[PDB]
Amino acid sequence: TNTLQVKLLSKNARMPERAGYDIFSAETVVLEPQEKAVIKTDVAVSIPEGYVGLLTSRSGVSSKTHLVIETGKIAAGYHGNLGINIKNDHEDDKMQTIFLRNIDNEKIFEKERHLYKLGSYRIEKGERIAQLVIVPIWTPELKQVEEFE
């Protein structure tokens, strides 16, 4: 029908909301400068054939922070946990600071002061970090050709 199925794999998951669908983190993580990771959404979707999903970066977080989301391509009928392919592309300049930075590049004040690497970010459980955009995909048969028509 004209409806997309969504399964919540955990009590940490969070239903998407709408043009593109806001995707939420299911875990709290701390990324150091240049650290890679795959953030679990604990959400799965059943995209019908003739469609590919795009788990792509959000504009707010991406423009404001060094959090770089490589757009994931959700294949039609892939039912696994959707993971955010992320890298804190902030330069590892060896410096230190007492402040983590949220997904709005603002400092997180700590009641218990800790020492962090400069350019570190914290993603909180249930935060809007990505979004899902579904678009039609064309799958034709391939033809080995010596020269095009």
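Note that residue numbering begins at 1 and tracks the sequence as displayed.
The modelled chain breaks after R18 and resumes at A19, leaving 4 to 9 residues of the deposited sequence without coordinates. Remark: stretch with higher mean C-alpha B factor among 102-110 and 29-37 is 102-110. When 111-119 is weighed against 79-87, 111-119 comes out higher, by mean CA B-factor as recorded in the entry.
Compared with the other modelled residues of the chain, the Cα B-factor recorded for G53 ranks in the middle third. When the modelled residues of the chain are ordered by their C-alpha B factor, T65 lands in the lowest third.
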